[PDB]
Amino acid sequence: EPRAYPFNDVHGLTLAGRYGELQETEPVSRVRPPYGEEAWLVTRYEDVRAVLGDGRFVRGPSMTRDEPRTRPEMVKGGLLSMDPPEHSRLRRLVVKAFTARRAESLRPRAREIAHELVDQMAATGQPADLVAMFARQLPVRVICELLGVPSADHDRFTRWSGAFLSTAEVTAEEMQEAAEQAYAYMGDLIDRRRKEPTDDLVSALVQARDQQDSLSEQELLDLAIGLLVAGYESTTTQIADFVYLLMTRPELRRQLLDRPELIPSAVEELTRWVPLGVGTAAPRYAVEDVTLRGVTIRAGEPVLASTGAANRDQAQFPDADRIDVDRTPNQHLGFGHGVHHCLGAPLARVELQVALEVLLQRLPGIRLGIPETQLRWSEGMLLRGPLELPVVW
């Protein structure tokens, strides 16, 4: 009676047909995930937005509940596990430091890094793996620039970070050692910056004040590592998926080569269209009974709000399955909605823009150097994207 979930096949970016059916016949329905409790699934744009934006739907129970999910282990904590007012306080301090202006200031360093990565690929000759050499490299290096990790330390910081990716095949202790190295280093960097501040985010986070409040020592550290993990795999996977789409849809590539000024709009349309998640936004828990589409979600029940399906809802987006780089309006939920809206979105936007700009300017003939049907797709079961993208140019 509840349907087995996820519906998405991980071996591709296709939106499961089941979503559209439910948007039409059963917009609030029951699902059984591979791990964790049965939950409600909400699929219409208006309802998904309503859930992520409604005060009666909270994240705190995540910490004491068996969350609907695709993997046996549970990754808990961070800002996304918090509710106002505690969430509000931490978020006000972070954004006071992590401004859209800071994000934009990073575009020139993001481009320089992107050029380096493309040099390194040209150096080893076609076919190069776009995933290993570029997509897994650009976002963690940009996070290094953002935080203020000295250039000398970018390689070891990148090495430790790759062990946090859901696609890493390392043992538990290997991952554990990489995490303790990342924590110790970050705590030390924070301590330097406190007693000798520079222009980087760690310095600004240390000095951030809000009506006499400040971030504690532990807060600073947990927030810095939280930015890394929230900002690495997401961006890496979306770069891979966007270039995969550029390489397999000639009209998309051609539109952006003829008119690179369309890249920012194409980044929005692709963020809308790509159902990047295997499943949904982090479960929200009802704090009281809430009636939605005339179904009563009872207090305490978990609710999985699919931004993947919402972004492809025909009721909100004309001809929703079409990728249209000029689409307007495009009020997609690809960076979420409500108090947990992606804190890093201006910088993600910068990176994704830069990735496409540099790749298209350096390698305008970039294309797959194996057939599409032979691509290997990640089975990490959190996000969808290719494990390797061998490319020729």
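Residues carry their position along the shown sequence, with the first being 1.
- In this entry, the higher average B-factor at the C-alpha atoms falls on 70-78, of the pair 230-238 and 70-78.
- As listed in the deposited structure, the average C-alpha B-factor of 294-302 and of 119-127 is greater for 119-127.
- Across the options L146, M133, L245, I263, the residue with the most elevated CA B-factor in the record is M133.
- Going by the entry's values, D210 shows the largest Cα B-factor out of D210, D313, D83, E268.
- In the PDB entry, a CA B factor belonging to the lowest third of its chain's modelled residues is recorded for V28.
- Ranked within its chain, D319 lands in the lowest third, by CA B factor from the PDB record.
- Ranked within its chain, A309 lands in the lowest third, by CA B factor from the PDB record.
- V10 sits in the middle third of its chain by CA B factor, as recorded in the PDB entry.
- Split the chain's modelled residues into thirds by C-alpha temperature factor. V278 is in the lowest one.
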